[PDB]
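Secondary and tertiary structure notes
Each chain is listed here by its residues.
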Amino acid sequence: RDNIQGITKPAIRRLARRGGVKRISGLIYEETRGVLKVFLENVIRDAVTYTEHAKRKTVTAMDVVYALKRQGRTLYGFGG
Amino acid sequence: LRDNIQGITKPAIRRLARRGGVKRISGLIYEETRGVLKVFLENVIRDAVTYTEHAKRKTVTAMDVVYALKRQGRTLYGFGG
Amino acid sequence: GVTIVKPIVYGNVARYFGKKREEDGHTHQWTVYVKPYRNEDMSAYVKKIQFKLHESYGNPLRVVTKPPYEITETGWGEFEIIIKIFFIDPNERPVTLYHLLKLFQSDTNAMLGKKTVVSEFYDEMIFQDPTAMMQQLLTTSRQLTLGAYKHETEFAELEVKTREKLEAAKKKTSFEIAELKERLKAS
Amino acid sequence: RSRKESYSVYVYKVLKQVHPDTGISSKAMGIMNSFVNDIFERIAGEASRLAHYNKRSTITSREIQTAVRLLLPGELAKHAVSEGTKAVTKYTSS
Amino acid sequence: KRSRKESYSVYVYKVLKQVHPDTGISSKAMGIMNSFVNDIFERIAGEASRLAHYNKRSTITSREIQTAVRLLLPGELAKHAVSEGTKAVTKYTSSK
Amino acid sequence: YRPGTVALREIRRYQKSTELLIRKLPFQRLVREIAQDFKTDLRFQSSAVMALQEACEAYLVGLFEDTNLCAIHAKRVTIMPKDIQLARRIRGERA
Amino acid sequence: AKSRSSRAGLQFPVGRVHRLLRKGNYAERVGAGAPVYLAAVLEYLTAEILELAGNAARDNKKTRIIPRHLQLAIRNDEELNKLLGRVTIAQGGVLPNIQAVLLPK
Amino acid sequence: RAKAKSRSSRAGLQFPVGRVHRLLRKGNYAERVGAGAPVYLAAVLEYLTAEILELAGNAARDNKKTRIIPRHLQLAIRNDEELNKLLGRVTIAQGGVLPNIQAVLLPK
DNA sequence: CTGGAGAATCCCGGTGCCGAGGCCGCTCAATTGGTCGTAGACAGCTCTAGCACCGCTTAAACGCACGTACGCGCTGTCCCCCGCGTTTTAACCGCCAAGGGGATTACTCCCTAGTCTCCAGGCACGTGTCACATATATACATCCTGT
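Calculation criteria
Residues numbered from 1 in each chain as written, not as in the entry; some residues may be left out. Chains lettered and ligands numbered in written order. Part of a larger assembly, values for the part shown. Heavy atoms only, no water. Helix = DSSP H or I, 4+ residues; strand = E, 2+ residues; numbered from the N terminus. Rg over C-alpha atoms; globule rule 2.2 N^0.38 Å. Areas by Shrake-Rupley, 256 points an atom, 1.4 Å probe, with all protein chains shown as cover. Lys, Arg positive; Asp, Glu negative; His and termini not counted. Charge placed at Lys NZ, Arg CZ, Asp CG, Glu CD. Pairing = 2+ DSSP bridges. Axes fitted to C-alpha atoms, helices over the stretch in contact; angles between N-to-C directions. Contact = heavy atoms within 4.5 Å. Patch = residues over 30% accessible without salt bridge, like charges linked within 9 Å, V, L, I, M, F, W, Y side chains within 5 Å. Salt bridge = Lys/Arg side-chain N within 4 Å of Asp/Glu carboxyl O. Buried < 20%, exposed > 50% of the residue type's maximum accessible area, 1.4 Å probe, protein only. Arc of directions from axis to C-beta. Near = heavy atom within 4 Å. Polar contact = N/O pair within 3.5 Å; in protein donor to acceptor, adjacent residues only side chain to side chain. Nonpolar A, V, L, I, M, F, W, Y, C, P; charged D, E, K, R; others polar. Left-handed = near helix turned anticlockwise from the far one by under 90°. Core = buried A, V, L, I, M, F, W, Y, C linked by side-chain atoms within 4.5 Å. Parallel < 35°, antiparallel > 145°, perpendicular 65-115°, else oblique.

If you tally the helices and strands in chain F, you get four helices and two strands. Starting at the N terminus, the α and β elements of chain F follow one another as α-α-β-α-β-α. In summary, chain F has a C-alpha radius of gyration of 17 Å against a globular reference of 12 Å for 95 residues, an excess of more than 25%. Considering only C-alpha atoms, chain F reaches an extent of 50 × 35 × 20 Å along its principal axes. For chain F, the exposed area adds up to about 4,900 Å²; of that, 51% sits on carbon and sulfur atoms. Taking the average place of the 18 positive charges on the side chains of chain F and the average place of its 11 negative ones, the gap between the two points comes to 5 Å.

Backbone hydrogen bonds hold the strands of a sheet together, and the pairing may be parallel or antiparallel. All names here are of chain C. The four strands lie next to each other as 5-2-1-8, forming an open sheet whose pairing is antiparallel. The sheet is open, and its two borders are formed by strand 5 (69–75) and strand 8 (117–128), each paired with just one other strand. Each adjacent strand pair in this sheet contributes to an overall mean axis angle of 15°, direction not counted. Sheet topology note: the strand 2 (residues 28–36)/strand 5 ladder contains seven bridges and is antiparallel. Within strand 5, the residue paired with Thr-31 across the bridge is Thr-72. The strands that helix 2 (residues 132–139) touches are strand 1 (3–16) and strand 8; relative to strand 1, the one it contacts most, it runs at about 60°.

The next subject is a nonpolar patch on the surface. Residue and element names in this part refer to chain A. Together, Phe-39, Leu-40, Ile-44, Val-48, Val-59 and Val-64 line one region of the surface with nonpolar side chains, adding up to about 450 Å² of accessible area. The element best represented in the nonpolar patch is helix 2 (residues 29–53), accounting for four residues. You can see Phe-39 is positioned in helix 2.

Bringing a positive patch on the surface into the picture now. A cluster of basic side chains, namely F:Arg9, F:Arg12, F:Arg13 and F:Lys16, defines a positive patch on the protein surface. The topology assignment puts F:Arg13 in helix 1 (residues 5–14).

When we look at burial in helix 1 (residues 14–21) of chain G, the residues that qualify are G:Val14, G:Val17, G:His18 and G:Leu21. All buried residues of helix 1 of chain G project into a common sector of 110° when viewed along the axis, lining one side. The secondary structure elements touched by the buried residues of helix 1 of chain G are helix 2 (26–53) of chain D together with helix 2 (34–59) of chain G.

With that settled, the discussion passes to the protein's contact with DNA strand I. By nearness alone, 66 residues border DNA strand I, and A:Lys57, D:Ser26, F:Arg2, F:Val77 and G:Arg4 come closest of all. Per the 4 Å cut-off to the protein, sugar and phosphate atoms form 97% of the nearby atoms of DNA strand I. F:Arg2 has a polar side-chain atom sitting 2.4 Å from a phosphate oxygen of DNA strand I. The set of elements that each furnish at least two residues to the surface near DNA strand I consists of helix 1 (10–19) of chain B, strand 1 (23–24) of chain D, helix 1 (9–19) of chain E, strand 1 (43–44) of chain F together with helix 1 of chain G. Per-class residue counts for the surface near DNA strand I are 14 nonpolar, 20 polar and 32 charged.

The subject of this paragraph is the interface of chain D and chain G. In this complex, chain D contributes 55 residues to the contact, which on the side of chain G involves 52 residues. The interface formed by chain D and chain G contains one salt bridge. One salt bridge in this structure joins D:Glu5 and G:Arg19, with 2.7 Å as the shortest N-O distance. Put simply, chain D and chain G have 14 residue pairs in polar contact between them. The element contributing the most residues to the side of chain D that touches chain G is helix 2 of chain D, with 15 residues. A class-by-class count of the residues in the side of chain D that touches chain G yields 28 nonpolar, 17 polar and ten charged.

For the rest of this paragraph, the subject is unusual backbone geometry. The phi torsion of most residues other than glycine is negative, and most of the peptide bonds are trans. Positive phi is not limited to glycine here, since B:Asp3 has a value of about 55°. Of note in this structure, E:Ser3 is not a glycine but carries a positive phi near 65°.

Residue and element names in this part refer to chain D. Counted under the stated rule, the structure contains 31 salt bridges over all chains. Between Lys-86 and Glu-83 there is a salt bridge whose closest N-O contact spans 2.5 Å. Here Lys-86 and its partner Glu-83 are both found in helix 4 (residues 75–92), three residues apart, which amounts to about one turn of the helix. You can call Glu-83 partly exposed: its relative accessible area is 25%.

Attention now moves to the sheet that holds strand 6 (residues 80–87) of chain C. Residue and element names in this part refer to chain C. The strand order across the open sheet built from four strands is 4-3-6-7, with neighbouring strands paired in antiparallel fashion. The outermost strands of the open sheet, each flanked by one partner alone, are strand 4 (61–64) and strand 7 (95–100). With direction set aside, neighbouring strand axes in the sheet form an average angle of 20°. Examined bridge by bridge, strand 3 (residues 46–52) and strand 4 share four bridges and lie antiparallel to one another. Considered in strand 4, the bridge of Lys-52 is made with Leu-61.

So, about the environment of E:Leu16. Mapping E:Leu16 onto the fold places it in helix 1. Owing to a relative accessible area of 0%, E:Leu16 belongs among the buried residues under this scheme. Other than its neighbours up to four places away in sequence, E:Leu16 contacts E:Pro21, E:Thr23, E:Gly24, E:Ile25 and H:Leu53.

In a pair of packed helices, the angle between the axes and the distance between the axes together describe the arrangement. Across the interface, helix 1 of chain B lies against helix 3 (residues 46–71) of chain F with an axial gap of 8 Å and an inter-helix angle of 65°. Of the two elements, helix 1 of chain B crosses helix 3 of chain F, and the hand of that crossing is right-handed. In contact with B:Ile13, B:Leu16, B:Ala17 and B:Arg19 of helix 1 of chain B, helix 3 of chain F contributes F:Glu57, F:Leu60, F:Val61, F:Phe64 and F:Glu65. A class-by-class count of the residues in the contact of helix 1 of chain B with helix 3 of chain F yields six nonpolar, no polar and three charged.

Ranked by size, the top nonpolar core spans 69 residues in total, and within it E:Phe36, E:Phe41, E:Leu73, H:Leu41 and H:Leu45 carry the most contacts. Excluding residues that lie within four positions of it along the chain, H:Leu41 makes contacts with E:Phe41, E:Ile44, E:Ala45, E:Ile65, H:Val20 and H:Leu24. Counting 60 residues, the second largest nonpolar core, distinct from the first, contains A:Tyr76, G:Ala34, G:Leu42 and G:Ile49.

The subject of this paragraph is the packing of helix 2 (residues 27–54) of chain E against helix 3 (residues 37–62) of chain H. Running from N to C, helix 2 of chain E and helix 3 of chain H cross one another at 140°; their axes reach a closest spacing of 9 Å. Between helix 2 of chain E and helix 3 of chain H, the crossing angle belongs to the class labelled oblique. Relative to helix 3 of chain H, helix 2 of chain E is oriented so that their crossing is right-handed. Taking contact as the criterion, the partners of E:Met33, E:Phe36, E:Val37, E:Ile40, E:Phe41, E:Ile44 and E:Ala45 in helix 2 of chain E are, on helix 3 of chain H, H:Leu41, H:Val44, H:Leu45, H:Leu48, H:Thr49, H:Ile52 and H:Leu53. Tallied by class, the residues present in the contact of helix 2 of chain E with helix 3 of chain H amount to 13 nonpolar, one polar and no charged.

Residue and element names in this part refer to chain C. Relative to the helices and strands, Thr-27 is located in the loop between strand 1 and strand 2. Separated by 2.5 Å, the side chains of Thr-27 and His-28 make a polar contact. Once you skip the residues sitting within four places of it in the chain, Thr-27 turns out to touch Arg-15, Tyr-16, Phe-17, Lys-20, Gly-75 and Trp-76.

The α-helix advances 3.6 residues per turn, and as a result positions three or four apart in sequence lie on the same side. What helix 3 (residues 61–71) of chain A keeps buried is the set A:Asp63, A:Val65, A:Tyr66, A:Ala67 and A:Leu68. Contacts from the buried residues of helix 3 of chain A go to helix 2 and strand 1 (74–76) of chain A together with helix 2 of chain E. Of the residues flanking the end of helix 3 of chain A, it is A:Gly72, one or two places downstream, whose phi is positive at about 105°.

See below:
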């Protein structure tokens, strides 16, 4: 499938603008896609382990919140 | 007691920096290291004493320091008993 | 109508090296200090103490941030040190003191062979109509240590007062012990 | 009814004291709901471990106070401890 | 009037002596070997605890223990731990 | 000795030993003076002070390993105070 | 007749905060005033955060605390930023700040 | 009665299942522990103990020492890719560090 | 520094949509009232450490002196990201009408687990010591750095 290119250069530039970045190197978009795909795969992998254990077929938002709290990255606003 | 942050000498800092890969050290970095170390020590010591005052004890045992380090994300092995 | 009196002692000790140092020519070590007269914690109301030295030193304006406030240094001549004590409350005017750094003994004290030179003076910081915060800080001062607290100058007189007890007890103990041991061995 | 309980009735009762005319959006109210579940579990877990440290088998108010001391930055801890101790003092007299 | 304190030293030397017959272990290294065991025990039990509570359950189980080992140990570390435990539970319920 | 030859030797030597690098007696008074501000007359188990030292030397060695990477960032060999500050800020200690 | 929470001069639930304590396998004995203390602390943190966020939003010409201003109130406070250091408030964005080096002139 | 068999033995473990389950029974980690949790937990605990004791002893032998010191633990848990991860936020007392000298700080 | 254009911001006032709060009505759950073991607290008391001192030894910290090596600074060179206009892909509807995959929930029931006994090996703390390796010693090997 290979749809890691949905996170496009304009999107990475918007995320950099929000983060204060005011100039971005050319090879910063092929870096950020590898950095984001490792972070996603880690939080999804833990959300699918909290979903298999509950004998459920749909990854609910609670699974994502629990798996995100496992990494330390704590997000407020989705029932946890 | 008084003026004990000076008990961390210039060689004492230089050796620690050598173990960390640092080759050449600057002049002001010794004072920066003293400040950073002082802050870290004060936090750990405060949290350890939190386990002693609550325990009505007068001596800070090793388990108190181990737990204070754990709360700081600094799990230490060797003092667990 | 609130007046708070805080007794303090500020001075200097000095030790003679016995010979002039070849590295810098200094002849005496000295420690200049402010400490409380009572066994109380000055840090509850003192933010810092600044000591301004003679312009011969690489930096004349020294700073100390915890009681008993003191600086240890070396020198060969006497000079006036300006001690500026700042309080925690910025609205309170800091106190200014002038201490004549004494390093040499008088003829009478030199003849007595005394190992240390001391010059210290007693003073009272008076806070008249202090702010609420400053008043609370001055009234909430805790004890500094569980041990004793004492004064040194006239150093020769204090040393003689100490020895008037020390040598008496030492001689008593020595003679009594010698007598006991000799009598017991003779039997 | 029951199903899903939450903090919403206390995040809005306490908000009407600080700012009588300020409201709160459903999303922001949800965020406050979530935030309280964070601190509750943090303080209670550190208090359970504290009970485990002095080998008690009970979480008393002393354990909770020491757990509050371990997490709040100074002024925050110094005022939270006062809040808790005043509440416990006033609840023991009634 | 004794004050005896427990530790894992007796079973870390069984396992070490078995997985290194000629190699000893210093007392200070066994302290680390003890703290490591207690730390991982805490981690796996806590994650199983949370696992059970998330599914509205009053009991921490070996199924929750396996899922906590899947969450805790990295990929290989996990695989080996899960396999070892899984095979230890079928050797125990077969009345050997 | 060519500046940097006796210093690299020490890097290779202090990265192979495991003994503490701060003197004991000087560091134990610092741990008691810091305790001062929380409780008058606090006692310390000897092993407790040793554990404090084992915490701090490891923390400082990690901070001097993360500070060196920042020095190498600006094409420097010297670690500068802003390097400790950048490492620590990226650490979230003084953000 | 009188909720245990009311008998502290509080707005928060001393009663349910007791049940959450002695149901979550924290210990084996929740004291009389363990929930009375924890509820007080929770209500205190709520008061602080709610006030800050509320009139941060009213600083924005708003009469409804929005999560953007929840984030602003939390991120501007030095104590609440230490407490909620590793917490990401959703739909709260970031704080406005431009590094001097980037800025022109 | 019957000769009593332990729980470490029936399963085939070295770490105390009785003691492990015991810390759990009066550890409030849960409310009603089952009959497999301590077995799994002890099995994996001791598995990691073995996993590390291995690398520690091997590095020790690299140093021509027969006794594992904490150094043989720092060196190991930092030498293995996944033990380091698992014990990334763990300092080993009297272990030291690994001699990672930056390439740019070398003689040129 | 002023000019003068040309774009961006930036509050004022306006206009509907829809979330935020208003109330109502029962379900869950916190209160009330009371008996029943007991958590831990507090009053001793054993006995380790902790602390505090003092001496002798010497590593080590430290100050100084002297080049060398490395650090902010300048400038020039060249390219690679910014700004912005055009071509291309993604991505919404309307058009098309509902099955079904799966969380949500209970009611039985049998199996697992607490509770609570009485035994019996096995884990701790001694004791009895044996011996890795720390410290010491020397030549061998790099491993420099000044010529």
